[PDB]
Amino acid sequence: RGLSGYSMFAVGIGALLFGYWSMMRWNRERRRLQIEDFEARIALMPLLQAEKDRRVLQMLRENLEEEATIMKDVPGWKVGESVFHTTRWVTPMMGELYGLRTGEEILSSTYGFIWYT
Amino acid sequence: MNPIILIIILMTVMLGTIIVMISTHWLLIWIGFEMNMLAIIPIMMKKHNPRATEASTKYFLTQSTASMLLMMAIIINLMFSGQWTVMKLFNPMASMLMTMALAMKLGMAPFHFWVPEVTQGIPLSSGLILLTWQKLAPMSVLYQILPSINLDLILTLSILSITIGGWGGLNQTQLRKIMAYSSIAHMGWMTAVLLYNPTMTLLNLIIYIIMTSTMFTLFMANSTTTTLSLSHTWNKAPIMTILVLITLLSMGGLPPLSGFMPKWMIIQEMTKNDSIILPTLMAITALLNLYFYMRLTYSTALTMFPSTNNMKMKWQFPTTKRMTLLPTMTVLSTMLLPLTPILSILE
Amino acid sequence: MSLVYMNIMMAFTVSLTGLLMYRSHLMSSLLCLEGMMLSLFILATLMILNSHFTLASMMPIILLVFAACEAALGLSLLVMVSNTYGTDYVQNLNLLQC
Amino acid sequence: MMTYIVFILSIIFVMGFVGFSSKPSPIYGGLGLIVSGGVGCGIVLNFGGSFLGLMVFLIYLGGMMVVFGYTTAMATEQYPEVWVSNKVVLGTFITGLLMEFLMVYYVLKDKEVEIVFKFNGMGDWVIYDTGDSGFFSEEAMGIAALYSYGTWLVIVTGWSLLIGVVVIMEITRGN
Amino acid sequence: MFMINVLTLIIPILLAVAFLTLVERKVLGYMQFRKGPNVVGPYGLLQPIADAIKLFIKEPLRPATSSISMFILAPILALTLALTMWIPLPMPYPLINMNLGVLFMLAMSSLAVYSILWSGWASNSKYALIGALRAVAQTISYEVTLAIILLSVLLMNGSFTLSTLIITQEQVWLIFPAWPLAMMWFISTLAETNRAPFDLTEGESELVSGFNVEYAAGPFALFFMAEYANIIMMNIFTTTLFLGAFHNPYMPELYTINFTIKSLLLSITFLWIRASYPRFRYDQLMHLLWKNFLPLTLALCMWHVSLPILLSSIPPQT
Amino acid sequence: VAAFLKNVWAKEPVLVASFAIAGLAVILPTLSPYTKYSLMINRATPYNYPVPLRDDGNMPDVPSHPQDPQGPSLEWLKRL
Amino acid sequence: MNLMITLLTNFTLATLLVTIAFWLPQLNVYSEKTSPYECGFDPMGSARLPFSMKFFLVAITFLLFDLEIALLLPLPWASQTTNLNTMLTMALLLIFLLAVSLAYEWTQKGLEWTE
Amino acid sequence: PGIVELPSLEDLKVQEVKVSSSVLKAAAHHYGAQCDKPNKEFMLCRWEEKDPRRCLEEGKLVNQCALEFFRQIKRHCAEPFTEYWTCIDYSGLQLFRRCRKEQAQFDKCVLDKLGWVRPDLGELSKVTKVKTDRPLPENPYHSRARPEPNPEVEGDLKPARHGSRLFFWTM
Amino acid sequence: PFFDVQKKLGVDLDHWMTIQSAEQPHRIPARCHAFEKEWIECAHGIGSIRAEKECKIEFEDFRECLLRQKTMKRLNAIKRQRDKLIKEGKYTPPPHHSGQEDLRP
Ligand SMILES: CCCCCCCCCCCCCCCCCC(=O)OC[C@H](COP(=O)([O-])OC[C@H](O)COP(=O)([O-])OC[C@H](COC(=O)CCCCCCCCCCCCCCCCC)OC(=O)CCCCCCCCCCCCCCCCC)OC(=O)CCCCCCCCCCCCCCCCC
Ligand SMILES: CCCCCCCCCCCCCCCCCC(=O)OC[C@H](COP(=O)([O-])OCC[N+](C)(C)C)OC(=O)CCCCCCCCCCCCCCCCC
Ligand SMILES: CCCCCCCCCCCCCCCCCC(=O)OC[C@H](COP(=O)(O)OCCN)OC(=O)CCCCCCCCCCCCCCCCC
Ligand SMILES: CCCCCCCCCCCCCCCCCC(=O)OC[C@H](COP(=O)(O)OCCN)OC(=O)CCCCCCCCCCCCCCCCC
Ligand SMILES: CCCCCCCCCCCCCCCCCC(=O)OC[C@H](COP(=O)(O)OCCN)OC(=O)CCCCCCCCCCCCCCCCC
């Protein structure tokens with residue numbers, strides 16, 4: 027009983043060709059959709075970058091205006107002294123921003139993306 | 001072994017040494033050492049007897065431990081420098097660990113405890129590969145990190161290697177253990193001049209490889225692995241006794257021979273740097289190497305030990321062996337001292 | 001430096017002294033070389049993921065490859081010791097002492 | 001004490017290393033190395049390397065299954081040492097654990113320590129980047145660059161694995 | 001409220017294992033011309049409860065020669081790794097949405113071997129020793145193709161994310177471009193999950209009960225409800241790979257019903273295979289996944305690398 | 004060559020299918036017109052930000068707005 | 001966070017199905033029921049004797065081929081590159097080197113078992 | 001070293017764009033079309049200064065130009081945009097492909113009432129030229145004087161004086 | 001023996017993973033790209049002996065970018081003094097270091 031060999035190989039290769047055609051069309055459509063999502067990301071990035079700059083400068087100024095109040099009795103302390111010889115901007119460390127804040131904000135800001143589900 | 005597989009495995013040993021020599025990245029140095037070890041293990045187990053398996057196990061454990069210390073030195077360099085360039089090391093801890101790793105890979109004392117064992121366990125051809133070609137990749141890395149090598153460490157390793165390799169060969173009657181303690185003493189000579197003039201390190205490496213390749217080619221051409229079987233060579237091929245005479249007197253550092261060439265130049269570069277005690281102790285300690293070389297010349301060339309009756313059959317058969325470059329290496333290991341200023345090509 | 005590098009270097013040294021002090025059993029120390037590879041993996045990978053030097057992120061994979069590419073070598077050299085002798089005890093490998 | 005999670009996983013990493021480095025038996029050596037390689041893919045997974053931790057987990061699971069098969073076939077004795085059967089196993093196991101928790105105690109009380117290097121005592125959350133990588137995890141991009149940029153590394157690694165197979169079949173012959 | 005979301009995962013699949021025992025026995029009965037359990041409940045709907053009460057009130061029988069710590073730790077890790085491979089599975093929304101959920105499935109498949117392996121070693125018995133090292137021979141056989149098949153089918157996905165494997169199969173099933181990979185993956189999951197013809201560790205005709213021959217009831221239950229959890233998870237994983245259903249984002253229950261009935265048909269297919277085929281020998285197992293499936297898997301890996309470049313159909317990674 | 008091919012298809016057909024699929028995967032991307040579009044799609048996928056240029060005064064090919072006619076276009080991807 | 005809660009739950013109610021499996025039934029311990037199983041007769045010798053592995057060369061080569069799926073695994077990400085013919089050449093080079101390895105292990109009878 | 005110079009808290013106060021991410025992603029293409037010029041002046045200042053403290057004022061222009069983008073949506077097309085960002089906001093990955101009919105209604109209402117063309121596939125990823133009057137930073141890395149290199153080799157290569165001069169070798 | 005085949009033949013075998021400032025995939029910067037660029041452009045061509053003392057400042061800034069030892073020591077001092085002032089009760093934390101602050105964006 028059953029079909030011959032050539033008939034089953036023809037049905038299998040035809041199923042291959044149909045799957046390859048359908049995945050060709052759908053992956054080209056998915057690449058176009060990815061480019062659309064990335065251009066939405068690009069168009070949002072200047073506003074997010076400006077808010078991120080004001081965010082980190084807000085946090086560094088809050089860490090600086092509270093460093094002078096803590097560091098008042100300590101002799102020879104220099105408030106806001108850079109640990110770098112250069113005067114170039116350095117991107118802040120995680121401890122430079124969230125070093126004086128609560129552990130909930132620390133965990134949600136430094137392990138939040140990795141631990142998220 | 002299937003000769004296609006032998007060709008591929010020997011080209012892979014050579015490829016590991018070349019990948020260490022030509023690469024500017026620390027991971028590729030480590031890959032070259034791993035490839036070198038991995039490919040040279042079946043060269044040691046070419047014969048499949050328990051001594052080759054023991055030698056291969058001891059060699060695998062020593063070289064694997066050395067490669068672990070090498071990669072830890074590489075990762076500490078990555079921490080303290082943020083980069084991977086094969087140059088000086090930016091931490092004395094990584095400098096110490098890499099100097100220990102390369103000293104283990106060279107078999108320099110007090111990490112010398114594998115070189116007579118592994119050299120005795122394996123054949124003379126694989127022992128030649130071990131004592132010559134495997135002394136090229138760690139000497140490359142030592143040539144490349146000498147702005148960061150601790151002076152006290154490399155000089156302690158060097159003089160400890162010279163003393164222990166001198167005393168070790170005096171108690172030996174096996175030719176492979178003699179060549180292994182000779183290796184230890186000569187690597188001490190090469191690394192003692194490493195921070196003063198590494199051109200003399202390369203000179204000593206090249207002259208040593210010539211003399212060691214001459215001695216192993218003479219041992220293979222005579223099929224001798226003990227002192228007392230080398231002592232039958234006068235009754236079979238008396239020119240080979242002359243060749244081992246001139247080569248062993250060359251390896252002892254006697255003028256007017258070329259093995260006096262590295263030693264003298266090493267002294268010539270260590271007295272410039274106001275070190276007088278250290279090359280003097282090195283020269284006096286090389287008399288031990290000369291003493292067991294003279295023991296082998298007494299047993300082989302200068303006297304005639306009694307032979308057997310069956311040697312009369314071996315008079316009727318010539319050598320069909322590939323004594324590859326044996327007259328060339330015999331001439332280069334003995335008569336090269338008038339060409340001593342050729343060492344400037346190694347600059 | 002950072003606190004985790006203390007314990008990863010500590011694990012390297014623990015596996016180092018475990019390798020470098022044999023307990024007369026060769027498989028128990030071939031595990032220690034594999035542990036040294038694990039500690040080097042995690043140490044290098046913490047350094048590379050920390051500094052965002054992304055192109056060296058392929059480096060620990062390569063490192064890990066040569067890990068088993070010698071570990072398999074050791075096992076291929078473990079079975080020849082354990083075919084000559086009934087056990088893989090390292091004190092049976094003392095023929096080259098003479 | 002949840003900000004110290006990478007430190008706590010690293011304590012379990014050192015505990016697994018003292019577990020298999022005391023060398024009880026390669027059954028329990030494989031146990032301890034699986035435990036260390038499974039918390040080590042939790043140390044390094046909290047730095048962003050989710051691909052690069054799952055692989056050191058998976059490769060070492062295959063590795064310890066192979067090592068299990070060999071230590072049941074070759075490295076087997078009648079009474080295997082569990083963790084406490086030998087005095088020299090238990091002594092150095094307790095020694096490694098007491099010295100490890102000793103340098104835990106000296107680094108949480110003082111917030112700095114020095115064994116050969118100097119180490120901080122704050123939680124290692126402090127050193128992370130305060131930015132985002134966009135629509136790519138950067139370690140995946142770097143390991144993806146092994147095919148575009150790492151061509152010589154591909155050639156030497158694939159050649160080393162090929163001759164590793166050839167080398168191993170030349171060793172395990174006997175004649 | 002995530003703890004409820006965990007308890008609404010593992011408790012309905014400690015029930016689906018229980019009724020899977022009944023479905024296994026009854027489909028095994030009606031394919032062997034007899035009937036299954038129809039005595040305890042209404043046509044057998046209480047026989048799983050009867051077995052689940054019987055196994056946990058029987059004397060546990062810890063042996064005298066057994067390494068007791070590994071003897072107890074091995075069924076705990078069995079049921080632990082049986083439960084924890086359900087968390088990246090999209091139903092259409094997974095419990096824990098992993099960016100690399102496929103490699104989590106693969107790594108926990110590699111870790112779940114040690115439950116069988118340490119259970120066979122710990123119970124110091126000669127039949128449990130043979131059933132332990134047959135798991136080594138089985139795992140060095142399927143794992144060397146379990147990863148390249150799963151690589152080649154994700155070269156049409158673009159990532160290792162299981163949830164993106166629904167978006168991948170929104171037009172056509174991924175069994176149509178990858179049916180050799182599908183009919184090789186299905187056999188690889190038979191060989192993984194210790195189902196017939198690849199039992200080979202609990203191989204009843206050779207080894208009396210195999211690796212768990214010393215495990216009496218109670219700890220025997222956690223190897224018996226772990227393996228069935230592995231077959232339901234594994235057919236859900238095969239359904240997600242090759243038989244991905246329609247997902248409406250406003251009606252998730254349509255996707256849940258669709259992949260549920262597809263995974264039930266694949267579980268019934270496992271029961272069809274267990275009730276009809278002679279069991280391999282565990283070297284002929286190895287000369288199948290190495291001499292037959294591994295070269296063709298390497299060829300299809302070359303093809304599924306080169307084909308999305310050949311047709312400009314490289315799937316997105318986002 | 005045909006009799007040996009029939010012989011190996013009769014004896015080891017899995018290996019024949021393996022070498023056939025591998026040979027197609029080797030030779031066929033070099034014989035396809037769509038392999039160019041793979042590279043063109045991959046280099047037109049904007050992961051990074053298109054960092055703008057300071058207008059010196061002489062850049063006729065660089066636009067001043069994304070909806071300007073000059074610049075790289077993706078109409079070939081829209082049609083295909 | 002949720003991952004460790006899920007793993008803690010799975011481990012917790014996998015070990016709490018064991019502690020109510022040992023402590024709930026009535027124990028009757030005597031030193032013949034806890035003996036090992038050798039089909040009724042007493043076992044001759046210990047099961048801690050070396051059980052010789054016939055598939056040992058395949059087991060060592062599994063260590064090498066499992067590294068290949070640490071090298072071939074970034075191919076869904078390597079296909080996203082902008083140097084793509086080079087990626088395709090290196091990918092086909094890695095699968096071809098794995099295949100040359102498997103062919104060498106075949107023809108030298110490394111896949112067969114001993115005895 | 002020196003005191004780090006941070007701006008004060010009053011220097012950072014600006015009327016923020018207090019909308020969610022789906023509201024931003026729904027209006028993203030028209031934001032990249034209409035708010036092109038101060039955004040590109042800001043990102044040019046941001047990659048050239050390499051210092052956010054020298055980029056605040058341009059950044060405020062961004063926060064000036066985004067809000068006027070949304071008020072002009074709020075005055076005219078508040079309800080089709082509200083339905084469109086709600087439908088975007090439902091999805092987990094926030095798919096544009098699940099919301100094409102609300103996108104068509106929003107684009108039609110915007111093109112009728114405000115005359116904005118939505119950017120096509122490929123336009124927002126272009127590298128554009130920006131006409132600014134701020135100076136080019138002459139040292140954005142705050143670097144210093146590079147050390148003087150070693151002098152090169154020059155002159156014709158004469159032979160060695162008396163050969164090698166190695167103890168007695170006259171050549 | 002640094003037989004520099006890669007510069008003789010002009011091939012790039014491993015110069016690309018050499019430093020962090022090299023060409024990275026998708027233009028991803030390292031966290032110490034500016035520090036390493038300044039150190040390499042300082043120490044280029046002047047040799048190692050002049051580079052160990054004339055480019056010491058850029059290499060100290062770059063090493064302190066890499067390991068952040070001075071930063072973590074300063075944060076140790078700040079956090080320890082803050083904990084001491086909390087323990088003595090001579091200082092209270094502000095509301096924006098406790099949560100109730102209605103954060104920026
Ligand atoms: C129209 C166009 C064409 C016109 C063509 C016109 C010419 C036609 C002939 C061309 C061919 C060349 C012929 C020789 C030229 C002159 C070379 C010469 O005598 O230099 C004197 C040379 C320096 O003397 P000088 O008073 O300062 O200057 C006279 C010249 O103006 C020196 O002039 P220079 O300043 O230019 O010399 C440079 C430098 C000047 O020398 C120096 O800077 C002093 C340091 C030289 C090396 C010292 C090394 C000491 C430690 C090793 C000692 C080894 C053992 C000693 C020998 C044992 C026997 C093997 O020499 C070297 O660096 C080369 C090293 C010595 C090789 C000399 C040439 C030998 C060729 C034949 C080889 C036969 C075996 C020779 C012995 C083997 C050992 C060399 O004397 C020595 O070094 C003492 C040894 C004697 C030299 C070799 C004698 C050659 C004739 C041998 C015939 C009998 C052979 C018997 C069988 C073989 C022995 C068993
Ligand atoms: C995922 C959803 C389900 C998918 C389908 C699965 C459902 C069906 C399952 C049926 C029950 C199976 C129970 C277990 C059986 C185990 C035994 C078994 O299967 O052994 C495998 C058998 C083994 O056969 P064997 O063992 O007889 O092999 C003999 C080998 N020698 C000679 C060395 C002894 O077959 C295979 O290995 C084939 C695997 C699949 C092949 C797919 C080929 C696709 C087409 C290739 C190209 C062909 C054309 C040429 C090129 C053209 C190019 C244009
Ligand atoms: C600073 C870096 C410098 C780098 C310089 C590189 C130069 C070339 C490489 C030199 C390094 C050492 C070379 C020798 C390695 C050992 C080769 C070997 O063992 O070959 C095997 C073969 C065995 O001979 P057979 O009798 O057939 O064997 C029976 C069964 N085994 O044959 C033998 O064992 C016989 C010996 C063959 C090789 C000896 C000749 C080459 C080395 C001697 C110096 C030649 C002069 C030119 C180079 C100078 C620098 C070394
Ligand atoms: C004595 C014998 C042993 C007895 C005790 C046995 C205990 C149970 C053993 C089995 C469980 C082993 C777990 C191993 C680690 C698994 C890590 C994991 O699940 O990673 C998957 C996932 C990756 O997702 P990702 O791509 O990061 O996406 C998030 C980014 N947006 O990751 C995520 O989504 C990130 C979520 C947070 C991850 C935290 C770090 C991992 C925690 C490891 C816990 C300890 C593991 C111990 C292993 C022991 C092995 C025997
Ligand atoms: C060039 C394209 C890329 C090729 C390389 C990539 C391959 C990818 C697939 C992975 C393959 C890995 C394993 C390959 C092993 C081959 C060697 C082998 O197994 O030889 C033995 C076999 C006969 O088996 P036997 O000797 O009986 O073994 C004992 C068990 N019965 O011997 C045989 O079966 C005969 C083998 C030689 C003849 C095969 C002919 C196939 C022709 C297919 C059509 C043409 C395809 C284009 C390529 C040219 C082929 C000549």
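Chains as they are written, first to last, in the entry's author numbering: chain q, 27 to 143; chain N, 1 to 347; chain K, 1 to 98; chain J, 1 to 175; chain H, 1 to 318; chain m, 4 to 83; chain A, 1 to 115; chain Y, 1 to 171; chain l, 1 to 105.
Note that CB positions come from ideal geometry on N, CA and C, so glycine has one too.
Query raised in the report: Does the beta carbon of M87/A come closer than 8 Å to any beta carbon on chain q?
Result: no
Requested in this report: Out of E38/l, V11/l and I28/l, state which residue places its alpha-carbon closest to the alpha-carbon of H52/K.
Outcome: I28/l
**Report entry** Within the region 65 to 134 of chain q, ranges of the alpha helix (DSSP H) (whole runs, at least 4 residues)
**Finding:** 93 to 96 and 120 to 123
Report task. Decide if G10/l is buried, meaning its Cβ has at least 16 other Cβ atoms within 10 Å, or exposed. Result -> exposed
Report task. Quick one: grab the DSSP three-state call for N248/H. Result -> strand
**Report entry** Terminal residues of the alpha helix (DSSP H) in which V244/N lies
**Finding:** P238 to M251
**Report entry** Closer than 7 Å: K321/N CB and nearest ligand 3 heavy atom
**Finding:** yes
Query raised in the report: Which runs of the alpha helix (DSSP H) fall wholly inside the region 71 to 118 of chain H and span at least 4 residues, in chain order?
Result: 101 to 111
**Report entry** Contact list for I61/q against chain m, beta-carbon separation under 9 Å
**Finding:** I44, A47, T48, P49, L77 and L80
Report task. Could you please give me the residues that DSSP links to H25/N through a beta bridge? Result -> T85/N
Query raised in the report: In chain Y, what lies closer than 7 Å to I46/l by C-beta?
Result: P147, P149 and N150
Query raised in the report: CA-CA distance, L111/Y and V117/Y?
Result: 6 Å
Query raised in the report: Are the CB atoms of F242/H and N258/H nearer to each other than 8 Å?
Result: no
Query raised in the report: Is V17/m near ligand 2, judged by its Cβ being under 7 Å from some heavy atom?
Result: yes
Query raised in the report: Does the region 81 to 92 of chain A come close enough to the region 145 to 155 of chain J that 3 or more CB-CB pairs lie under 8 Å?
Result: yes
Report task. With 8 Å as the limit, tell me which residues of the region 126 to 141 of chain Y have their beta carbon closer than that to any beta carbon of chain l; keep them in chain order. Result -> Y141
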